[PDB]
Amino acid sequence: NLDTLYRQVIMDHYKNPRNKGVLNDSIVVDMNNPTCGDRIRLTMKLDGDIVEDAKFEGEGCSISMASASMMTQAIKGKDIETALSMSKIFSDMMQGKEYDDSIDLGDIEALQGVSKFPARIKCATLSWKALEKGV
């Protein structure tokens, strides 16, 4: 049902997000869901080739905010190449596609459920779109 979309982990990241804030000397992009209501400002400080920290500020639906939280956390200390690979895996995950389960996504996998609710793809994808324009 709806239960396969609003999983416990998703609701938890919506209630208690992980990297809340906008931080310093950094690349900061802000992005909006064309279907109005979802706003993110992603902040990343990049250490040569690795993302030492990512933080976000925003308002929106459960999916968009939770995906921002899960994303920012799953990218701490990962490389740029790895981060884009994560993103492409996420975008396959939103469509039907089979995807490479090499590379742990941890919590992020909980968003699998939105593949069955295509009107929320963009809600889940906003945070990731921010990263792809970040680089």
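So that there is no doubt, residue numbering starts at 1 and follows the sequence shown.
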| said: On mean Cα temperature factor in this entry, is 117 to 125 or 13 to 21 the higher one? | reply: 13 to 21
| request: For the higher mean C-alpha B factor in the entry, choose 67 to 75 or 42 to 50. | output: 42 to 50
| Between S102, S87, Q95, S26, which one tops the list for C-alpha B-factor in the PDB entry? | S26
| request: Sort the modelled residues of this chain by their C-alpha B factor and say whether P34 lands in the lowest, middle or highest third. | output: highest
| task | Quick one: classify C61 as lowest, middle or highest third of the chain based on its Cα B-factor. | result | middle
| message | Lowest, middle or highest third: which one holds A110 when the chain's residues are ordered by CA B-factor from the entry? | response | lowest
